[PDB]
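Enquirer: Please find one structure pasted underneath; my questions will follow.
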Amino acid sequence: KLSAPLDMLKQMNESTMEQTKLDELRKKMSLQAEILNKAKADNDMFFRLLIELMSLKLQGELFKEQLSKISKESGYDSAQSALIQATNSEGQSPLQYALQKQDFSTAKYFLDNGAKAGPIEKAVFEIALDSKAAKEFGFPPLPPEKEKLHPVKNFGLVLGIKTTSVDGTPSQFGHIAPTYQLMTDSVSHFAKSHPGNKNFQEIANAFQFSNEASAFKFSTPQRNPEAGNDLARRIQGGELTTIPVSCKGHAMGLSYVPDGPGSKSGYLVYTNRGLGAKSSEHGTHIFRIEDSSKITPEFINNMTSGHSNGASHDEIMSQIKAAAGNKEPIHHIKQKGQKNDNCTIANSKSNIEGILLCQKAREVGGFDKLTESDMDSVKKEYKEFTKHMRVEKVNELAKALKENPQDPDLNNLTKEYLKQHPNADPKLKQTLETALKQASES
């Protein structure tokens with residue numbers, strides 16, 4: 001019956017390349033482009049035409065003909081030339097784009113036309129494999145081996161290290177379940193080492209509640225209807241509640257901060273530092289919620305299952321705006337842009353700075369009444385948290401590297417950290433350099 005899925009997996013594996021090989025291929029085709037000395041290709045035009053083409057939902061053969069025309073119209077010799085070289089402003093190749101959108105028919109046509117699967121394409125594919133669209137295409141469930149967080153992602157996502165494991169696994173894209181668990185542990189560990197910090201007792205309690213009630217497996221919540229009933233009830237009772245939120249191939253940040261226990265008003269804190277947000281809006285947005293009853297079980301079920309149910313960014317975003325009465329946010333926290341990552345750590349963690357802001361606003365009686373020193377206090381506690389999380393992960397990395405001094409991944413993670421964070425606290429650098437020295441010991 002479903003041999004198309006088997007065929008696509010075969011193709012994806014035949015077309016696999018290491019990143020450096022794929023970069024060579026691309027660079028060599030750039031040299032050939034310069035020999036011909038024809039006009040420069042227009043990637044933005046290609047993707048515009050590509051996205052229009054995909055929405056027509058054409059059958060394979062017509063699709064492939066149209067794909068040839070728009071490649072040429074965009075300045076490429078062929079569909080294959082465009083497929084191997086074009087990237088959009090998010091840095092996605094066409095194949096990455098089709099997989100991120102869970103458009104497996106288009107992804108397979110791209111493969112038929114010679115598109116290559118580097119480590120990033122394969123990671124985005126594995127994420128897209130855990131979705132209703134993947135099941136309906138005939139794919140099986142992911143093997144349970146892939147449930148564990150790869151060490152290159154555990155350290156890579158927390159510490160911000162871009163690298164690839166020796167086995168091909170990039171540090172960038174992660175499933176929701178193990179990354180939400182890692183956030184829940186990081187927040188809880190901080191809360192426990194700082195019992196006088198009342199804010200973080202609330203935050204740890206909220207993550208623990210949502211982490212358990214959502215019961216993600218890979219990137220699909222496992223008790224969809226009930227979980228949203230639980231979270232909505234917690235919000236209705238006026239308790240700080242986090243809301244795991246995703247769309248196709250992307251995770252955002254979302255939480256509800258109550259005015260007080262049993263209150264009906266509070267704030268909805270939304271974070272997106274990456275795909276789908278304009279660079280000017282990268283960061284965290286705080287909406288005033290006058291009546292929490294608009295944060296319904298259905299809304300929350302839609303938020304948590306956004307990726308598995310194939311919701312688009314605009315569908316999720318519009319529901320978030322609806323729950324806030326389509327009013328504009330009252331505050332924006334600008335936060336560093338991210339690209340080529342589904343932000344399972346980035347958006348969840350940066351959302352906490354918005355939670356802390358709202359906790360301060362609550363206690364001084366409103367956003368009206370925040371002073372400059374209040375908001376510098378907020379930023380100071382947020383940075384105290386992210387410092388704690390960073391220091392523990394560097395110590396964990398040094399420890400791991402000394403107990404397995406010959407592992408290529410631990411060594412390369414350690415080296416790449418120092419290379420990519422030159423301005424790192426000297427105590428962090430010291431800890432990792434001494435670990436690297438120790439490792440070179442046979």
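So you can find residues: chains in the structure tokens are A, B, ... in the order shown, residues in each start at 1, and ligands are numbered from 1 in order.
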Range 170-178 of chain A: which residues within 8 Å, counting only C-alpha atoms, same-chain residues fewer than 5 positions away excluded, as a PyMOL selection string?
Expert: chain A and resi 119-120+123-124+127+147-149+152-157+161-165+215-220+251+340-344
Enquirer: Any chance you could tabulate, as CSV, the residues of range 94-136 of chain A at most 8 Å from range 308-327 of chain A with each one's nearest atom pair and distance in Å to one decimal, using only C-alpha atoms, in chain and rising number order?
Expert:
```
residue,atom,partner,partner_atom,distance
A:101,CA,A:310,CA,7.9
A:102,CA,A:310,CA,7.3
A:130,CA,A:308,CA,6.5
A:131,CA,A:308,CA,4.0
A:132,CA,A:308,CA,5.6
A:133,CA,A:310,CA,6.9
```
Enquirer: Just to be explicit: take each residue in the selection above, keep N, CA and C atoms, and write the result as a PDB file, in the first residue's frame.
Expert:
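Written out: out_32.pdb:
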```
ATOM      1  N   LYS A 101       6.839  22.659   6.697  1.00  0.00           N
ATOM      2  CA  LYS A 101       5.404  22.815   6.472  1.00  0.00           C
ATOM      3  C   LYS A 101       4.669  21.477   6.449  1.00  0.00           C
ATOM      4  N   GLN A 102       5.375  20.359   6.626  1.00  0.00           N
ATOM      5  CA  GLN A 102       4.763  19.038   6.611  1.00  0.00           C
ATOM      6  C   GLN A 102       4.108  18.747   5.268  1.00  0.00           C
ATOM      7  N   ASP A 130       6.878  13.363  13.427  1.00  0.00           N
ATOM      8  CA  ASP A 130       5.920  13.229  14.525  1.00  0.00           C
ATOM      9  C   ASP A 130       4.787  14.228  14.319  1.00  0.00           C
ATOM     10  N   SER A 131       3.848  13.857  13.457  1.00  0.00           N
ATOM     11  CA  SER A 131       2.729  14.737  13.156  1.00  0.00           C
ATOM     12  C   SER A 131       1.622  13.907  12.536  1.00  0.00           C
ATOM     13  N   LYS A 132       0.399  14.436  12.628  1.00  0.00           N
ATOM     14  CA  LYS A 132      -0.726  13.795  11.954  1.00  0.00           C
ATOM     15  C   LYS A 132      -0.486  13.713  10.449  1.00  0.00           C
ATOM     16  N   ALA A 133       0.110  14.759   9.845  1.00  0.00           N
ATOM     17  CA  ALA A 133       0.370  14.724   8.404  1.00  0.00           C
ATOM     18  C   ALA A 133       1.333  13.615   8.041  1.00  0.00           C
TER      19      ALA A 133
END
```
Enquirer: Go through A:250, A:99, A:88, A:48 and flag the residue nearest residue 74 in chain A, using only C-alpha atoms for the distances.
Expert: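 For residue 74 in chain A, the nearest of the candidates is A:48.
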Enquirer: Figure out the distance between CA of residue 21 in chain A and CA of residue 40 in chain A, please, to one decimal in Å.
Expert: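 That distance, rounded to one decimal, is 23.2 Å.
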Enquirer: How would you write, as a PyMOL selection string, the set of residues in range 128-310 of chain A that DSSP gives as helix (DSSP H, G or I)?
Expert: chain A and resi 128-129+132-137+144-147+151-159+176-193+198-214+224-236+292-294+297-304
Enquirer: Kindly save the residues from that selection, with C-alpha atoms included, as an mmCIF file, in the first residue's frame.
Expert:
```cif
data_model
loop_
_atom_site.group_PDB
_atom_site.id
_atom_site.type_symbol
_atom_site.label_atom_id
_atom_site.label_comp_id
_atom_site.auth_asym_id
_atom_site.auth_seq_id
_atom_site.Cartn_x
_atom_site.Cartn_y
_atom_site.Cartn_z
ATOM 1 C CA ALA A 128 7.932 16.572 10.921
ATOM 2 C CA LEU A 129 7.744 12.781 11.201
ATOM 3 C CA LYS A 132 -0.726 13.795 11.954
ATOM 4 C CA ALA A 133 0.370 14.724 8.404
ATOM 5 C CA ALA A 134 3.215 12.217 8.639
ATOM 6 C CA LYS A 135 0.861 9.475 9.783
ATOM 7 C CA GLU A 136 -1.631 10.257 7.012
ATOM 8 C CA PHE A 137 1.213 10.104 4.484
ATOM 9 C CA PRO A 144 11.822 4.956 20.544
ATOM 10 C CA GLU A 145 15.615 5.447 20.263
ATOM 11 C CA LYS A 146 14.960 8.992 19.024
ATOM 12 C CA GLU A 147 13.098 9.922 22.212
ATOM 13 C CA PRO A 151 24.100 15.126 23.889
ATOM 14 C CA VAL A 152 24.932 17.535 21.052
ATOM 15 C CA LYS A 153 21.422 18.974 21.478
ATOM 16 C CA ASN A 154 21.389 18.854 25.285
ATOM 17 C CA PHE A 155 24.521 20.988 25.464
ATOM 18 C CA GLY A 156 24.063 22.660 22.062
ATOM 19 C CA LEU A 157 20.588 24.072 22.783
ATOM 20 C CA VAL A 158 21.266 25.217 26.355
ATOM 21 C CA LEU A 159 24.707 26.720 25.779
ATOM 22 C CA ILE A 176 9.182 19.238 22.498
ATOM 23 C CA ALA A 177 9.073 16.451 25.127
ATOM 24 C CA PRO A 178 12.767 16.233 26.133
ATOM 25 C CA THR A 179 13.347 19.979 25.752
ATOM 26 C CA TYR A 180 10.330 20.917 27.872
ATOM 27 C CA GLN A 181 11.519 18.398 30.482
ATOM 28 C CA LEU A 182 14.952 20.050 30.433
ATOM 29 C CA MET A 183 13.359 23.490 30.991
ATOM 30 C CA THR A 184 11.243 22.055 33.811
ATOM 31 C CA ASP A 185 14.348 20.632 35.473
ATOM 32 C CA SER A 186 16.364 23.822 34.989
ATOM 33 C CA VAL A 187 13.665 25.990 36.511
ATOM 34 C CA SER A 188 13.088 23.546 39.381
ATOM 35 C CA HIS A 189 16.784 23.199 40.160
ATOM 36 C CA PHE A 190 17.059 27.005 40.343
ATOM 37 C CA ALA A 191 13.987 27.279 42.565
ATOM 38 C CA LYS A 192 15.365 24.668 44.974
ATOM 39 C CA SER A 193 18.765 26.325 45.282
ATOM 40 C CA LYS A 198 9.157 33.438 45.739
ATOM 41 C CA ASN A 199 8.864 34.245 42.015
ATOM 42 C CA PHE A 200 10.686 31.099 41.007
ATOM 43 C CA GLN A 201 8.718 28.836 43.359
ATOM 44 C CA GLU A 202 5.688 29.938 41.355
ATOM 45 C CA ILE A 203 7.526 29.434 38.031
ATOM 46 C CA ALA A 204 8.911 25.997 38.876
ATOM 47 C CA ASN A 205 5.488 24.932 40.120
ATOM 48 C CA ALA A 206 3.921 26.116 36.843
ATOM 49 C CA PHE A 207 6.427 24.283 34.614
ATOM 50 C CA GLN A 208 6.057 21.053 36.610
ATOM 51 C CA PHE A 209 2.269 21.233 36.279
ATOM 52 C CA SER A 210 2.251 21.859 32.522
ATOM 53 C CA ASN A 211 5.126 19.456 31.831
ATOM 54 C CA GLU A 212 3.173 16.639 33.452
ATOM 55 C CA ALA A 213 -0.354 17.561 32.293
ATOM 56 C CA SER A 214 0.745 17.996 28.692
ATOM 57 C CA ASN A 224 -4.904 16.336 24.251
ATOM 58 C CA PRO A 225 -8.464 17.076 25.380
ATOM 59 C CA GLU A 226 -7.881 16.530 29.137
ATOM 60 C CA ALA A 227 -4.611 18.494 29.351
ATOM 61 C CA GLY A 228 -6.267 21.684 28.127
ATOM 62 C CA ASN A 229 -9.074 21.123 30.625
ATOM 63 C CA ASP A 230 -6.461 20.900 33.374
ATOM 64 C CA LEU A 231 -4.519 23.985 32.271
ATOM 65 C CA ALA A 232 -7.646 26.080 31.733
ATOM 66 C CA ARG A 233 -8.879 25.138 35.191
ATOM 67 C CA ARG A 234 -5.555 26.174 36.734
ATOM 68 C CA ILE A 235 -5.825 29.493 34.902
ATOM 69 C CA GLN A 236 -9.468 29.880 35.976
ATOM 70 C CA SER A 292 -9.277 34.708 31.950
ATOM 71 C CA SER A 293 -12.323 32.746 30.754
ATOM 72 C CA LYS A 294 -11.289 33.505 27.156
ATOM 73 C CA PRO A 297 -9.686 24.394 27.044
ATOM 74 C CA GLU A 298 -9.969 24.362 23.248
ATOM 75 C CA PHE A 299 -7.478 27.215 22.837
ATOM 76 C CA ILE A 300 -4.962 25.418 25.048
ATOM 77 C CA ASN A 301 -5.410 22.063 23.269
ATOM 78 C CA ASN A 302 -4.861 23.881 20.003
ATOM 79 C CA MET A 303 -1.701 25.507 21.357
ATOM 80 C CA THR A 304 -0.105 22.298 22.665
#
```
Enquirer: May I have a table of the residues of range 165-237 of chain A lying at most 12 Å from range 9-17 of chain A, giving each one's closest pair of atoms and their distance in Å to one decimal, counting only C-alpha atoms, ordered by chain and ascending residue number, as a Markdown table?
Expert:
```
| residue | atom | partner | partner_atom | distance |
| --- | --- | --- | --- | --- |
| A:167 | CA | A:17 | CA | 11.9 |
| A:168 | CA | A:17 | CA | 9.0 |
| A:169 | CA | A:17 | CA | 11.9 |
```
Enquirer: Identify which of the residues A:31, A:70, A:103, A:62 lies closest to residue 45 in chain A, counting only C-alpha atoms when measuring atom-to-atom distances.
Expert: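 Checking each of A:31, A:70, A:103, A:62 against residue 45 in chain A, counting only C-alpha atoms, the winner is A:70.
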Enquirer: So, counting only C-alpha atoms, which residue among A:67, A:367, A:261, A:72 is closest to residue 38 in chain A?
Expert: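 Among the listed residues, A:72 lies closest to residue 38 in chain A.
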Enquirer: I need the residue nearest residue 197 in chain A from this list: A:393, A:399, A:439, A:359. Use only C-alpha atoms for the distance.
Expert: A:359
Enquirer: Leaving out residue 338 in chain A and any residue of its chain fewer than 2 positions from it, which residues lie within 10 Å of it when counting only C-alpha atoms, given as a ChimeraX atom specification?
Expert: /A:90,272-275,279,282-283,335-336,340-343,346-347
Enquirer: Include C-alpha atoms and write out the residues we just selected as a PDB file, in the first residue's frame.
Expert:
```pdb
ATOM      1  CA  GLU A  90      14.951  32.241   7.477  1.00  0.00           C
ATOM      2  CA  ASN A 272       8.833  34.147  19.682  1.00  0.00           C
ATOM      3  CA  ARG A 273      12.448  34.962  18.860  1.00  0.00           C
ATOM      4  CA  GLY A 274      12.449  33.059  15.580  1.00  0.00           C
ATOM      5  CA  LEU A 275      10.575  31.733  12.557  1.00  0.00           C
ATOM      6  CA  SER A 279      12.914  40.865  13.271  1.00  0.00           C
ATOM      7  CA  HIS A 282      11.606  39.199  18.049  1.00  0.00           C
ATOM      8  CA  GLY A 283      11.076  38.679  21.746  1.00  0.00           C
ATOM      9  CA  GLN A 335      15.167  39.581  22.741  1.00  0.00           C
ATOM     10  CA  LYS A 336      17.902  38.227  20.499  1.00  0.00           C
ATOM     11  CA  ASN A 340      17.416  27.842  11.776  1.00  0.00           C
ATOM     12  CA  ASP A 341      16.118  26.336  15.021  1.00  0.00           C
ATOM     13  CA  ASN A 342      12.673  25.522  16.336  1.00  0.00           C
ATOM     14  CA  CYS A 343      13.422  27.463  19.548  1.00  0.00           C
ATOM     15  CA  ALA A 346      15.037  29.749  23.249  1.00  0.00           C
ATOM     16  CA  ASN A 347      11.356  30.755  23.352  1.00  0.00           C
TER      17      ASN A 347
END
```
Enquirer: Grab the CA of residue 111 in chain A to CA of residue 29 in chain A distance for me, in Å with one decimal place.
Expert: 18.2 Å
Enquirer: Can you work out the spacing between CA of residue 287 in chain A and CA of residue 237 in chain A in Å, to one decimal?
Expert: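 Atom-to-atom, CA of residue 287 in chain A and CA of residue 237 in chain A are spaced 18.8 Å apart.
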Enquirer: Taking only C-alpha atoms into account, name the residue in A:105, A:78, A:255, A:420 that is nearest to residue 58 in chain A.
Expert: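 Smallest distance to residue 58 in chain A is found for A:105.
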